[PDB]
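A.B. asks: Encoded as structure tokens, here's the structure I'll be asking about.
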């Protein structure tokens, strides 16, 4: 998702920096990663067939991650209001 | 003393006690073909065809196939070299599998399978166990026939 | 039992099925059981055929 968002963002990466480093530097546009994840999600789930545990595991992972960012943003906002 | 006598000892002792590794060899040497039938066919044929351990079995069928034996044997052709040719067919198919292009061997296999498809069912079913043997034999020969017909198709 | 004692004697036997290969809630992990734990398995490399008398004894048990 990081590299896909980098492609969609067409921002250069210095060799001293890395892809994740550049993405994490300009925090203004990190939102691209969620829909990149989602696109990869349907791409994989089209292929996923029956008798697949990753079929649910991937969704579990993404659910936890997104809930966690919403969680941390909410708590920081509430604490620092 | 010739081991002839010793292996007669082992032959009767196994006739009484049941050690296949010895009855097979020694009865074959002693020209006991009907008994070798009612042992190998009854037990080992089914065992090996079910369990895919055909090495020892092919050894015994080869030693059975001896024409010096065969001239005194009756109906070795009827079942024995029958199973033996099935072994030849599957093994040279595996040869074909390790190969990529051999038409002058695919045609041999095709002639062999056409010949065997009409000789599979004449025997077997001495019992329900014979029925099982015949069923597996016919199913495998049909599978091999469809395989060879599919592989002998133009690209 | 009924299905088979219907039949003529040629089909009078059935192979014993192979052990395992069951789970619940389709699309799940390959192994699921309610009565678990084991220390050995019946021979599945060598299969067996099940006949009227065998089936009669199993029914008698049941």
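Positions of Cβ are generated from backbone atoms using ideal geometry, with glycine treated the same way; all protein chains shown enter the neighbour counts. The numbers here are math on the coordinates, done by the rules we state, and not lab data.
A.B. asks: Could you please find all residues in segment C:3-19 being more than 16 Å from residue B:131 (Cβ to Cβ) and outside any loop (DSSP other than H, G, I, E, B)?
C.D. replies: C:3, C:5
A.B. asks: Among the candidates A:4, A:17, single out the residue that is farther than 30 Å from residue C:25 by Cβ and touching a helix residue (DSSP H, G or I) at 6+ places or on another chain (Cβ under 6 Å).
C.D. replies: Being farther than 30 Å from residue C:25 by Cβ and touching a helix residue (DSSP H, G or I) at 6+ places or on another chain (Cβ under 6 Å) holds for just one of A:4, A:17, which is A:4.
A.B. asks: Could you name every one of the helices (runs of 4 or more DSSP H) located completely within segment B:68-155 that has at least 1 residues being within 14 Å of chain C (Cβ to nearest Cβ) and within 14 Å of the chain's Cα centre (by Cα)?
C.D. replies: B:128-151
A.B. asks: Any chance segment C:20-41 includes a residue that's under 24 Å from residue B:131 (Cβ atoms), part of a loop (DSSP other than H, G, I, E, B) and over 16 Å from the mean Cα position of the chain (by Cα)?
C.D. replies: no
A.B. asks: Looking at segment B:119-131, is at least one residue surrounded by 12 or more Cβ atoms within 10 Å (Cβ to Cβ) and in contact with a strand residue (DSSP E or B) (Cβ under 6 Å, 6 or more places away or on another chain)?
C.D. replies: Scanning segment B:119-131, I find at least one residue that is surrounded by 12 or more Cβ atoms within 10 Å (Cβ to Cβ) and in contact with a strand residue (DSSP E or B) (Cβ under 6 Å, 6 or more places away or on another chain), so the answer is yes.
A.B. asks: Next up: Any chance you could count how many residues in segment A:1-42 are farther than 22 Å from residue A:67 by Cα, in a helix (DSSP H, G or I) and free of Cβ contacts under 8 Å to residues at least 12 places away in the same chain?
C.D. replies: 3
A.B. asks: Still on this structure, please answer the following. Can you name the residue in segment C:9-28 that is loosely packed, with under 11 Cβ neighbours inside 10 Å and closer than 19 Å to residue A:55 by Cα and is also nearest to the other protein chains (Cβ to nearest Cβ) among such residues?
C.D. replies: Residue satisfying both the conditions and the ranking: C:26.
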